[PDB]
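Input: a single structure, listed below in structure tokens.
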Amino acid sequence: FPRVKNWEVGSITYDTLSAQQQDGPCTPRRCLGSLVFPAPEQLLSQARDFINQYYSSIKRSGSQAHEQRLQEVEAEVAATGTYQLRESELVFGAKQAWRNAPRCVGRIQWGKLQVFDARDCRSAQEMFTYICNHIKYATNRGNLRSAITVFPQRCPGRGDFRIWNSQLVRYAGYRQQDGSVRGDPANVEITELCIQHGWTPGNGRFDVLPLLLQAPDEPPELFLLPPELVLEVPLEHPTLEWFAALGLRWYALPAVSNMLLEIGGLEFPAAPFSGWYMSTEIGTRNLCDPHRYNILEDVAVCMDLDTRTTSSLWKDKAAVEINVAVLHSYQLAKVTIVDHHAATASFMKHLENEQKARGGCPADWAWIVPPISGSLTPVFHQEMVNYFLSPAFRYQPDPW
Amino acid sequence: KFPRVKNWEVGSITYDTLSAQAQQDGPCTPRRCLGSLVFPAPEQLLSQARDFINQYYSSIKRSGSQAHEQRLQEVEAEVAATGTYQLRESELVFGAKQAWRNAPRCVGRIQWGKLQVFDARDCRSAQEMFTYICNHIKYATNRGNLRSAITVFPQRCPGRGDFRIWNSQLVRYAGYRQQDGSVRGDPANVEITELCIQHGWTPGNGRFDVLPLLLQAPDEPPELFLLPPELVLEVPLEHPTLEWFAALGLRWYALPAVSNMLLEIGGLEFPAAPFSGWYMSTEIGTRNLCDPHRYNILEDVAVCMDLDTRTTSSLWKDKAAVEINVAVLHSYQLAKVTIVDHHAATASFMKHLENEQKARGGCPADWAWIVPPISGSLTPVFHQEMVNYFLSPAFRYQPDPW
Ligand code: HEM
Ligand code: HEM
Ligand SMILES: Nc1cccc(CCc2cccc(OCc3ccc4ccc(N)nc4c3)c2)n1
Ligand SMILES: Nc1cccc(CCc2cccc(OCc3ccc4ccc(N)nc4c3)c2)n1
Ligand SMILES: Nc1cccc(CCc2cccc(OCc3ccc4ccc(N)nc4c3)c2)n1
Ligand SMILES: C[C@H](O)[C@H](O)[C@H]1CNc2nc(N)[nH]c(=O)c2N1
Ligand SMILES: C[C@H](O)[C@H](O)[C@H]1CNc2nc(N)[nH]c(=O)c2N1
Ligand SMILES: [Gd]
Ligand SMILES: [Zn+2]
């Protein structure tokens, strides 16, 4: 059992949860923890484990209902090769997959998750309808609510449901003749696929992409998001009057749509989930990464900072002011947002809660510590143990 | 078999083949990663010695030469007759530079080939240890134009006590524990402060009292030596546009000189081998001054900057910390004391990574310690995947001598 120390306070816990099912990339000879992407008999083992977790959560372990559900899943796997989750099992499973995600700093919220059951979905058009209801519910006119919509599970001899977009709201990136990008460089690939499937492109820096939705065994189909459904926030700064003139904006709803949800050995390749933004995601990563919008030096130069010498810390000063502008603009627009200080303090509470409830908490230090002001937050001084529990959200290959 | 290592800013990919030579095991397993943890005879010796000698003769392109063959035979005969062996001076120099080159948590390693190595393996007494340490400090400080150096005292030997420096660094500020539980001075040094008082030091009561050295010669109790004030160059902290900042009375010292690590070369162990470079400014401004369990000045600076400290969403913490770091950089430059900011230092570490891929096929690096503690993703190392492993020669943690 790993000993885990908090170096700010000196407190020690032991992770007993890590003893519980998959293997990561590290060995005794070398740590690869910094890498971004590290039978029916096997299905029943994972199914049995999940059903056991569920009957524990509803305080009916070893009960008659518990034994009958295990026998029921065995019988279904024997007759069909797969089995079907009850609605309440799906909800519990989706919440566990969030609770178990090591790279998510927002997991104090894991028990408050609205689950939309879309396992009856038949077509891409129905898929579009479910997604529009999700966006509307989750946005809630700016009072954002975490949600997930679960489309039908994978089954053998039948293609998956897939959302080709990486998120439900994404800005286009148009490759220029010189290699550079107008718009978001992260989305060049999906922008071109949208164009190759017949979308008429724009030419702005913040063009909302259409959805490419794949129903089983069909080519992907294009759907345009109604503009009144996509809430955006113009970026302005509270004292830098010129900041608004830069025309920067971001969208309200972070809705990831390319991960696979795994529950009890069942796989849901299309299960988009959404929360609300932590401000550093927008102000530091999306706007300041050199391979994203890369506007850090544009801002610093307008702040009249000395950008010809690194030791003026112009990069740090401009980055903080862009993060201030994100926080101010979302609060002004009444769109839910959390700064990195408040988010990391809540994650420290989550760690304390999970120590009492499960004996530990899988956490990826490099992803929990925010990308600015790392050691100013309490998670920096907190040792963490990284391991994979199920139910889980997993990366999956692009559908193309 | 070999890990793929990608840079996500540029998309470039390398393979770390150097990791196969990792000799020691780390704390991770396939089932859980522990990379964020701070703290993870004859035939054994001879194979470590042979590997090091082989490394040495490869570094000078004289592999398989008569000199190479003769040295391996000489070491093999020395270990059989004495149970150990002695490094040649050139081997010690190479070994010390290799240990620095191999240190996964050091962002400064672009400098690894430029290291002054003082051979103190003839030292006999604590008084003479003090002479070598003063000469080291004078050479390394160089009136502010800092030069990297290491002094290596005699190796560990069965039946004799170790040379040890009890202090964690050659220059440290005292920490005095108060009644309320708080600390006057540096909370990191409360233990060594009390140890100095228990060996007769008359303590001050300031926030920046330079501690004496506790020096231990073999089989002797530690002996207390006061550093002459002219040896210890210090930098008063001021801020280029916040004029009240200088009135705070903050200062820091020029020379970071770590004295509590063990140097291991070819199976030999040097428990006293203090080394020094120059500061990266976030060590002083973010960690030493703003850590809540250190001097913890962040909120006072924010209040003095007239920032609204009632809500976190003003990012008052971030703004105050950036200005403290500006002050450190401005003050050292004003004092003409070498310093590097975290942008220039991480840019040079990226160059080091490129050099080491060509020279050796990889480079052990600990991502959490290479990425600076403010503005992480504004530096190139943030977007660089890294492989962490243990090579030898190496600097190792070791237990406190008390
Ligand atoms: C409710 C507010 C939430 C906040 C503030 C939040 C915050 C974050 C942040 C900052 C990251 C780092 C992602 C990156 O930098 O790429 C992250 C990752 C992640 N989040 Fe959360 N999140 C929230 C809700 C959710 C929800 C509702 C789910 C799923 C039900 C979820 C699942 C995940 C997963 C799986 C990752 C892993 C990222 C990856 O592997 O690329 N989060 N979260
Ligand atoms: C010359 C300029 C140098 C710079 C800018 C530099 C920078 C740094 C920094 C920022 C750290 C992390 C410190 C922390 O946050 O606790 C570090 C660690 C380290 N440095 Fe360097 N350094 C330099 C020279 C040296 C030299 C000359 C040596 C030895 C010959 C050395 C050996 C080490 C080792 C062994 C560590 C790891 C410490 C640990 O594991 O706790 N450094 N360095
Ligand atoms: N506050 C907040 C809350 C929820 C979501 C977010 C957005 C940040 C985030 C969270 C979770 C997952 C995620 O993205 C997964 C991803 C991204 C790119 C990929 C590219 C290729 C591939 N095969 N998989 C990918 C998976 C982003 N923020
Ligand atoms: N000595 C000096 C030394 C080196 C380089 C320079 C050029 C400074 C510079 C470079 C690039 C762009 C730039 O644009 C400044 C700018 C733009 C708009 C502003 C709006 C409002 C405001 N208050 N300031 C603004 C500054 C400057 N100079
Ligand atoms: N730019 C720069 C250059 C050289 C040195 C520094 C200081 C930062 C640093 C570097 C290397 C080692 C180091 O400290 C090692 C240490 C610290 C505390 C310990 C407590 C107990 C123990 N058993 N070992 C310890 C070892 C600090 N900066
Ligand atoms: C190489 C590095 O591990 C990688 O780029 C990580 C670092 N930490 C991160 N942390 C968060 N929250 N999000 C990220 O995308 C990354 N990227
Ligand atoms: C728990 C965490 O890994 C630990 O506090 C580390 C993180 N990264 C660090 N990075 C540096 N440069 N120095 C440190 O002392 C630490 N501490
Ligand atoms: Gd002023
Ligand atoms: Zn690891």
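Residues are referred to by chain and number: the chain letter is A, B, ... according to the order shown in the structure tokens, the number counts from 1 in that chain, and ligands are numbered separately from 1 in the order shown.
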
Contacts of chain B with ligand 7 up to 8 Å, shortest pair per row, only C-alpha atoms and all ligand atoms, as JSON lines:
{"residue": "B:35", "atom": "CA", "partner": "ligand 7", "partner_atom_place_in_ligand_line": "3 (O)", "distance": 7.6}
{"residue": "B:36", "atom": "CA", "partner": "ligand 7", "partner_atom_place_in_ligand_line": "3 (O)", "distance": 4.0}
{"residue": "B:37", "atom": "CA", "partner": "ligand 7", "partner_atom_place_in_ligand_line": "3 (O)", "distance": 5.4}
{"residue": "B:38", "atom": "CA", "partner": "ligand 7", "partner_atom_place_in_ligand_line": "4 (C)", "distance": 5.5}
{"residue": "B:105", "atom": "CA", "partner": "ligand 7", "partner_atom_place_in_ligand_line": "12 (N)", "distance": 7.2}
{"residue": "B:283", "atom": "CA", "partner": "ligand 7", "partner_atom_place_in_ligand_line": "12 (N)", "distance": 7.6}
{"residue": "B:287", "atom": "CA", "partner": "ligand 7", "partner_atom_place_in_ligand_line": "13 (N)", "distance": 7.9}
{"residue": "B:368", "atom": "CA", "partner": "ligand 7", "partner_atom_place_in_ligand_line": "8 (N)", "distance": 4.7}
{"residue": "B:369", "atom": "CA", "partner": "ligand 7", "partner_atom_place_in_ligand_line": "10 (N)", "distance": 3.5}
{"residue": "B:370", "atom": "CA", "partner": "ligand 7", "partner_atom_place_in_ligand_line": "12 (N)", "distance": 6.1}
{"residue": "B:371", "atom": "CA", "partner": "ligand 7", "partner_atom_place_in_ligand_line": "12 (N)", "distance": 7.0}
{"residue": "B:372", "atom": "CA", "partner": "ligand 7", "partner_atom_place_in_ligand_line": "12 (N)", "distance": 6.1}
{"residue": "B:373", "atom": "CA", "partner": "ligand 7", "partner_atom_place_in_ligand_line": "10 (N)", "distance": 6.5}

Which parts of segment 74-250 of chain B does DSSP call strand (DSSP E) when run on the backbone here, written out as a ChimeraX atom specification? /B:116-119,149-152,164-165,175-177,183-185,213-216,223-225,234-236

Ligand 6: which residues are within 9 Å, counting only C-alpha atoms and all ligand atoms? Reply as a ChimeraX atom specification. /A:33-36,103-105,280-281,285,364-371 /B:6-9,367,376-377,381-386

Provide as a list in words the residues of chain A at most 6 Å from chain B, counting only C-alpha atoms.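 My answer is residues 8, 23, 24, 26, 27, 28, 29, 30, 31, 32, 34, 35, 291, 311, 339, 371, 372, 373, 374, 375, 383, 385, 386 and 387 of chain A.
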
Step by step, measure atom-to-atom distances between ligand 8 and each residue using only C-alpha atoms and all ligand atoms, keep those at most 9 Å, then write them as number ranges by chain. B: 240-244

Check which residues of chain B sit at most 8 Å from ligand 2 using only C-alpha atoms and all ligand atoms, and return one row each with the closest pair of atoms and their distance in Å to one decimal, ordered by chain and rising number, as JSON lines.
{"residue": "B:38", "atom": "CA", "partner": "ligand 2", "partner_atom_place_in_ligand_line": "41 (O)", "distance": 7.9}
{"residue": "B:96", "atom": "CA", "partner": "ligand 2", "partner_atom_place_in_ligand_line": "30 (C)", "distance": 6.5}
{"residue": "B:97", "atom": "CA", "partner": "ligand 2", "partner_atom_place_in_ligand_line": "30 (C)", "distance": 6.4}
{"residue": "B:99", "atom": "CA", "partner": "ligand 2", "partner_atom_place_in_ligand_line": "30 (C)", "distance": 7.0}
{"residue": "B:100", "atom": "CA", "partner": "ligand 2", "partner_atom_place_in_ligand_line": "29 (C)", "distance": 4.6}
{"residue": "B:103", "atom": "CA", "partner": "ligand 2", "partner_atom_place_in_ligand_line": "35 (C)", "distance": 5.0}
{"residue": "B:104", "atom": "CA", "partner": "ligand 2", "partner_atom_place_in_ligand_line": "37 (C)", "distance": 6.8}
{"residue": "B:105", "atom": "CA", "partner": "ligand 2", "partner_atom_place_in_ligand_line": "37 (C)", "distance": 4.6}
{"residue": "B:106", "atom": "CA", "partner": "ligand 2", "partner_atom_place_in_ligand_line": "18 (C)", "distance": 3.8}
{"residue": "B:107", "atom": "CA", "partner": "ligand 2", "partner_atom_place_in_ligand_line": "7 (C)", "distance": 5.0}
{"residue": "B:108", "atom": "CA", "partner": "ligand 2", "partner_atom_place_in_ligand_line": "4 (C)", "distance": 3.9}
{"residue": "B:109", "atom": "CA", "partner": "ligand 2", "partner_atom_place_in_ligand_line": "23 (C)", "distance": 6.6}
{"residue": "B:111", "atom": "CA", "partner": "ligand 2", "partner_atom_place_in_ligand_line": "1 (C)", "distance": 5.8}
{"residue": "B:112", "atom": "CA", "partner": "ligand 2", "partner_atom_place_in_ligand_line": "27 (C)", "distance": 6.9}
{"residue": "B:115", "atom": "CA", "partner": "ligand 2", "partner_atom_place_in_ligand_line": "27 (C)", "distance": 6.4}
{"residue": "B:147", "atom": "CA", "partner": "ligand 2", "partner_atom_place_in_ligand_line": "1 (C)", "distance": 7.4}
{"residue": "B:148", "atom": "CA", "partner": "ligand 2", "partner_atom_place_in_ligand_line": "27 (C)", "distance": 4.8}
{"residue": "B:149", "atom": "CA", "partner": "ligand 2", "partner_atom_place_in_ligand_line": "27 (C)", "distance": 5.9}
{"residue": "B:150", "atom": "CA", "partner": "ligand 2", "partner_atom_place_in_ligand_line": "30 (C)", "distance": 6.1}
{"residue": "B:261", "atom": "CA", "partner": "ligand 2", "partner_atom_place_in_ligand_line": "35 (C)", "distance": 7.7}
{"residue": "B:275", "atom": "CA", "partner": "ligand 2", "partner_atom_place_in_ligand_line": "30 (C)", "distance": 5.2}
{"residue": "B:276", "atom": "CA", "partner": "ligand 2", "partner_atom_place_in_ligand_line": "27 (C)", "distance": 5.0}
{"residue": "B:277", "atom": "CA", "partner": "ligand 2", "partner_atom_place_in_ligand_line": "1 (C)", "distance": 3.8}
{"residue": "B:278", "atom": "CA", "partner": "ligand 2", "partner_atom_place_in_ligand_line": "2 (C)", "distance": 4.5}
{"residue": "B:279", "atom": "CA", "partner": "ligand 2", "partner_atom_place_in_ligand_line": "5 (C)", "distance": 5.2}
{"residue": "B:280", "atom": "CA", "partner": "ligand 2", "partner_atom_place_in_ligand_line": "5 (C)", "distance": 4.9}
{"residue": "B:282", "atom": "CA", "partner": "ligand 2", "partner_atom_place_in_ligand_line": "10 (C)", "distance": 7.6}
{"residue": "B:283", "atom": "CA", "partner": "ligand 2", "partner_atom_place_in_ligand_line": "15 (O)", "distance": 6.0}
{"residue": "B:287", "atom": "CA", "partner": "ligand 2", "partner_atom_place_in_ligand_line": "15 (O)", "distance": 7.6}
{"residue": "B:339", "atom": "CA", "partner": "ligand 2", "partner_atom_place_in_ligand_line": "5 (C)", "distance": 7.6}
{"residue": "B:340", "atom": "CA", "partner": "ligand 2", "partner_atom_place_in_ligand_line": "5 (C)", "distance": 6.4}
{"residue": "B:345", "atom": "CA", "partner": "ligand 2", "partner_atom_place_in_ligand_line": "5 (C)", "distance": 6.5}
{"residue": "B:369", "atom": "CA", "partner": "ligand 2", "partner_atom_place_in_ligand_line": "12 (C)", "distance": 6.0}
{"residue": "B:370", "atom": "CA", "partner": "ligand 2", "partner_atom_place_in_ligand_line": "12 (C)", "distance": 7.0}
{"residue": "B:372", "atom": "CA", "partner": "ligand 2", "partner_atom_place_in_ligand_line": "10 (C)", "distance": 7.5}
{"residue": "B:394", "atom": "CA", "partner": "ligand 2", "partner_atom_place_in_ligand_line": "35 (C)", "distance": 7.5}
{"residue": "B:395", "atom": "CA", "partner": "ligand 2", "partner_atom_place_in_ligand_line": "35 (C)", "distance": 5.1}
{"residue": "B:396", "atom": "CA", "partner": "ligand 2", "partner_atom_place_in_ligand_line": "35 (C)", "distance": 7.3}
{"residue": "B:397", "atom": "CA", "partner": "ligand 2", "partner_atom_place_in_ligand_line": "40 (O)", "distance": 7.3}

I need the residues from that last selection saved to file as a short mmCIF file (atom, residue, chain, number, x, y, z; two decimals), in the first residue's frame (with N, CA, C and O atoms), if you can.
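Result file follows (part.cif):
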data_model
loop_
_atom_site.label_atom_id
_atom_site.label_comp_id
_atom_site.auth_asym_id
_atom_site.auth_seq_id
_atom_site.Cartn_x
_atom_site.Cartn_y
_atom_site.Cartn_z
N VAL B 38 8.02 12.33 -3.73
CA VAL B 38 9.28 13.06 -3.59
C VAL B 38 10.43 12.09 -3.34
O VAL B 38 11.44 12.11 -4.05
N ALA B 96 31.80 12.84 -11.79
CA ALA B 96 30.98 13.92 -11.24
C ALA B 96 30.11 14.57 -12.31
O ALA B 96 28.93 14.86 -12.08
N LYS B 97 30.69 14.84 -13.49
CA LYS B 97 29.90 15.44 -14.56
C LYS B 97 28.81 14.49 -15.03
O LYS B 97 27.70 14.91 -15.34
N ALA B 99 27.28 12.24 -13.15
CA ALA B 99 26.21 12.20 -12.14
C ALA B 99 25.26 13.38 -12.30
O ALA B 99 24.05 13.24 -12.13
N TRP B 100 25.80 14.55 -12.62
CA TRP B 100 24.97 15.72 -12.88
C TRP B 100 24.16 15.52 -14.16
O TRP B 100 22.93 15.70 -14.17
N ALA B 103 21.06 13.38 -13.57
CA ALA B 103 20.07 13.71 -12.54
C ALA B 103 18.72 14.09 -13.15
O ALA B 103 18.58 15.16 -13.74
N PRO B 104 17.70 13.24 -12.98
CA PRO B 104 16.44 13.46 -13.71
C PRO B 104 15.71 14.73 -13.31
O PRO B 104 15.00 15.30 -14.15
N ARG B 105 15.86 15.21 -12.08
CA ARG B 105 15.14 16.39 -11.62
C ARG B 105 15.84 17.73 -11.90
O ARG B 105 15.34 18.78 -11.47
N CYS B 106 16.97 17.74 -12.60
CA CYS B 106 17.74 18.96 -12.81
C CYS B 106 17.44 19.55 -14.19
O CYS B 106 17.81 18.97 -15.22
N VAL B 107 16.81 20.73 -14.20
CA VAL B 107 16.56 21.45 -15.44
C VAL B 107 17.80 22.16 -15.95
O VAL B 107 17.82 22.62 -17.09
N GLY B 108 18.85 22.26 -15.14
CA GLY B 108 20.04 22.98 -15.57
C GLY B 108 21.07 22.19 -16.34
O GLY B 108 22.19 22.69 -16.53
N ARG B 109 20.75 20.99 -16.82
CA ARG B 109 21.82 20.09 -17.25
C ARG B 109 22.48 20.45 -18.58
O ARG B 109 23.45 19.77 -18.94
N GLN B 111 24.39 22.62 -18.85
CA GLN B 111 25.67 23.05 -18.30
C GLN B 111 26.57 21.90 -17.86
O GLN B 111 27.64 22.16 -17.31
N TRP B 112 26.16 20.64 -18.09
CA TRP B 112 26.76 19.52 -17.35
C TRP B 112 28.25 19.36 -17.64
O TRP B 112 29.01 18.94 -16.77
N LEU B 115 31.99 22.04 -15.29
CA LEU B 115 31.89 21.78 -13.86
C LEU B 115 33.31 21.77 -13.32
O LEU B 115 34.15 21.03 -13.82
N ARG B 147 30.05 30.23 -11.01
CA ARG B 147 30.67 29.11 -11.71
C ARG B 147 30.27 27.82 -11.01
O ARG B 147 30.43 27.71 -9.79
N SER B 148 29.80 26.83 -11.77
CA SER B 148 29.41 25.54 -11.18
C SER B 148 30.62 24.81 -10.63
O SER B 148 31.67 24.77 -11.27
N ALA B 149 30.46 24.20 -9.45
CA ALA B 149 31.57 23.48 -8.85
C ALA B 149 31.06 22.36 -7.96
O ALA B 149 29.95 22.41 -7.42
N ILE B 150 31.92 21.36 -7.78
CA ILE B 150 31.71 20.31 -6.79
C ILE B 150 33.04 20.06 -6.07
O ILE B 150 34.11 20.08 -6.70
N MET B 261 23.62 15.42 -0.33
CA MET B 261 23.42 14.29 -1.22
C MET B 261 24.67 13.42 -1.30
O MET B 261 25.79 13.87 -1.03
N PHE B 275 27.87 20.40 -4.09
CA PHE B 275 27.90 20.94 -5.44
C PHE B 275 27.05 22.20 -5.50
O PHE B 275 26.15 22.42 -4.67
N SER B 276 27.34 23.05 -6.48
CA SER B 276 26.67 24.34 -6.58
C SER B 276 26.56 24.76 -8.04
O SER B 276 27.39 24.38 -8.87
N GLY B 277 25.51 25.51 -8.35
CA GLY B 277 25.37 26.08 -9.67
C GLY B 277 24.99 27.55 -9.52
O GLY B 277 25.63 28.28 -8.76
N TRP B 278 23.93 27.97 -10.20
CA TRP B 278 23.30 29.26 -9.94
C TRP B 278 21.79 29.06 -9.91
O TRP B 278 21.28 28.04 -10.37
N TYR B 279 21.08 30.03 -9.37
CA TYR B 279 19.64 29.89 -9.16
C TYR B 279 18.84 30.08 -10.44
O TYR B 279 19.18 30.87 -11.33
N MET B 280 17.76 29.32 -10.54
CA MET B 280 16.65 29.68 -11.40
C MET B 280 15.66 30.45 -10.52
O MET B 280 15.41 30.07 -9.38
N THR B 282 12.58 31.06 -10.08
CA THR B 282 11.39 30.53 -9.42
C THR B 282 11.72 29.76 -8.14
O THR B 282 10.86 29.63 -7.26
N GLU B 283 12.95 29.23 -8.01
CA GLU B 283 13.34 28.63 -6.74
C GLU B 283 13.22 29.63 -5.60
O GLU B 283 12.66 29.33 -4.54
N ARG B 287 9.07 29.30 -4.78
CA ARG B 287 9.14 28.26 -3.75
C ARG B 287 9.59 28.83 -2.40
O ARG B 287 8.83 28.80 -1.42
N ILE B 339 21.72 34.69 -12.55
CA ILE B 339 20.44 34.07 -12.31
C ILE B 339 19.83 33.73 -13.66
O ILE B 339 20.13 34.37 -14.67
N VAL B 340 18.97 32.72 -13.69
CA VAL B 340 18.25 32.39 -14.92
C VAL B 340 16.76 32.35 -14.63
O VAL B 340 16.33 31.86 -13.58
N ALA B 345 15.66 28.95 -18.84
CA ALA B 345 16.20 27.67 -18.35
C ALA B 345 15.49 26.48 -19.00
O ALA B 345 16.15 25.49 -19.35
N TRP B 369 9.34 17.81 -11.88
CA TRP B 369 10.39 18.69 -11.37
C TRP B 369 11.03 19.55 -12.43
O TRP B 369 11.62 20.58 -12.10
N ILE B 370 10.91 19.15 -13.70
CA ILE B 370 11.46 19.95 -14.79
C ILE B 370 10.54 21.13 -15.12
O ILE B 370 11.01 22.24 -15.37
N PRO B 372 8.48 24.21 -14.42
CA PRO B 372 8.62 25.17 -13.30
C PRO B 372 7.32 25.33 -12.53
O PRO B 372 6.24 25.03 -13.05
N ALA B 394 25.57 8.86 -10.13
CA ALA B 394 24.33 9.50 -9.75
C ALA B 394 24.50 10.24 -8.43
O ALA B 394 25.34 9.86 -7.61
N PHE B 395 23.70 11.31 -8.25
CA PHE B 395 23.47 11.91 -6.94
C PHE B 395 22.24 11.25 -6.32
O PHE B 395 21.20 11.17 -6.96
N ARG B 396 22.38 10.78 -5.07
CA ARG B 396 21.31 10.05 -4.39
C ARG B 396 20.93 10.76 -3.10
O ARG B 396 21.79 11.34 -2.42
N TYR B 397 19.66 10.66 -2.73
CA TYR B 397 19.29 11.03 -1.37
C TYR B 397 19.94 10.06 -0.38
O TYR B 397 20.26 8.92 -0.73
#

So that I can see what lies close to residue 42 of chain A, please list as a PyMOL selection string the residues with an atom at most 12 Å from it, counting only C-alpha atoms and leaving out residues fewer than 2 positions away in the same chain. chain A and resi 39-40+44-49+74+77+81-82+264-266

Output the selection as a compact mmCIF listing (two decimals), in the first residue's frame - N, CA, C and O atoms for each residue.
# COMPACT_ATOMS: atom_id res chain seq x y z
N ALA A 39 -12.91 -13.13 -24.42
CA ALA A 39 -13.85 -14.23 -24.24
C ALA A 39 -15.18 -13.73 -23.65
O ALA A 39 -15.28 -12.56 -23.25
N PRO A 40 -16.21 -14.58 -23.62
CA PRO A 40 -17.33 -14.32 -22.70
C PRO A 40 -16.92 -14.43 -21.25
O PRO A 40 -17.56 -13.80 -20.39
N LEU A 44 -17.96 -11.56 -18.32
CA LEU A 44 -18.67 -11.88 -17.09
C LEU A 44 -17.89 -11.45 -15.85
O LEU A 44 -18.48 -11.00 -14.87
N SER A 45 -16.57 -11.60 -15.88
CA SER A 45 -15.75 -11.15 -14.76
C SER A 45 -15.93 -9.65 -14.52
O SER A 45 -16.15 -9.20 -13.39
N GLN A 46 -15.83 -8.86 -15.58
CA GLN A 46 -16.03 -7.42 -15.44
C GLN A 46 -17.48 -7.09 -15.10
O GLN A 46 -17.75 -6.17 -14.33
N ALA A 47 -18.44 -7.83 -15.70
CA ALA A 47 -19.85 -7.62 -15.38
C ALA A 47 -20.12 -7.89 -13.91
O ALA A 47 -20.80 -7.12 -13.23
N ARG A 48 -19.57 -9.00 -13.41
CA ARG A 48 -19.80 -9.40 -12.02
C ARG A 48 -19.25 -8.36 -11.06
O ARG A 48 -19.92 -7.95 -10.11
N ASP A 49 -18.01 -7.90 -11.32
CA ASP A 49 -17.43 -6.82 -10.53
C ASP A 49 -18.31 -5.58 -10.53
O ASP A 49 -18.49 -4.94 -9.49
N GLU A 74 -25.47 -13.49 -16.08
CA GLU A 74 -24.88 -14.72 -16.62
C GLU A 74 -25.77 -15.34 -17.69
O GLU A 74 -25.29 -15.75 -18.75
N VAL A 77 -25.66 -13.21 -20.94
CA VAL A 77 -24.40 -13.38 -21.68
C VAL A 77 -24.35 -14.76 -22.33
O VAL A 77 -23.80 -14.91 -23.43
N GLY A 81 -24.31 -13.37 -25.78
CA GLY A 81 -22.95 -12.89 -25.88
C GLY A 81 -22.72 -11.55 -25.23
O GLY A 81 -21.56 -11.13 -25.12
N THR A 82 -23.77 -10.89 -24.77
CA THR A 82 -23.67 -9.58 -24.14
C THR A 82 -24.80 -9.49 -23.12
O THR A 82 -25.54 -10.45 -22.91
N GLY A 264 -18.93 -2.29 -16.76
CA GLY A 264 -19.18 -3.72 -16.60
C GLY A 264 -18.79 -4.54 -17.81
O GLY A 264 -19.46 -5.53 -18.13
N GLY A 265 -17.72 -4.14 -18.51
CA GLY A 265 -17.33 -4.80 -19.73
C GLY A 265 -18.09 -4.36 -20.96
O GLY A 265 -17.70 -4.75 -22.07
N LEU A 266 -19.18 -3.61 -20.81
CA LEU A 266 -19.87 -3.05 -21.97
C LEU A 266 -19.15 -1.78 -22.41
O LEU A 266 -18.59 -1.05 -21.60

Write out as a ChimeraX atom specification which residues come within 9 Å of residue 175 of chain A when counting only C-alpha atoms, dropping same-chain ones fewer than 3 positions away. /A:178-183,185,188,192

Check which residues fall inside 10 Å of ligand 3 when counting only C-alpha atoms and all ligand atoms, and print them as a PyMOL selection string. chain A and resi 36-37+98+101+103-107+146-147+165-167+186-187+253-260+272-282+337-338+343+393-399

Please report the interatomic distance between atom CA of residue 135 of chain A and atom 29 (C, counted along the ligand's line) of ligand 1 in Å with one decimal.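 Going from atom CA of residue 135 of chain A over to atom 29 (C, counted along the ligand's line) of ligand 1, I get 14.4 Å.
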
In Å, with one decimal, what is the gap from atom CA of residue 229 of chain B to atom CA of residue 210 of chain B?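 These two atoms are separated by 8.8 Å.
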
Select from segment 87-258 of chain A everything DSSP, run on the backbone, classes as helix (DSSP H, G or I), then give the selection as JSON, numbers by chain. {"A": [87, 88, 89, 90, 91, 92, 93, 94, 95, 96, 97, 98, 99, 107, 108, 109, 124, 125, 126, 127, 128, 129, 130, 131, 132, 133, 134, 135, 136, 137, 138, 139, 140, 141, 142, 185, 186, 187, 188, 189, 190, 191, 192, 193, 194, 195, 196, 227, 228, 229, 241, 242, 243, 244, 245, 246]}

Give me, as a PyMOL selection string, all polymer residues having an atom no more than 9 Å from segment 1-5 of chain A, counting only C-alpha atoms and skipping those fewer than 2 positions away in the same chain. (chain A and resi 7-19+381-385) or (chain B and resi 34+37-38)

Which residues sit within 7 Å of ligand 4, counting only C-alpha atoms and all ligand atoms, listed as a list in words?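 Written in the requested form, the residues are residues 242, 301, 302, 303, 304, 306, 307 and 308 of chain A.
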
Write out as number ranges by chain each polymer residue whose atoms come within 12 Å of residue 87 of chain A, counting only C-alpha atoms; drop sequence neighbours fewer than 4 positions from it. A: 54, 91-94, 115-120, 150

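Atom CA of residue 63 of chain A lies 26.6 Å from atom CA of residue 110 of chain A.
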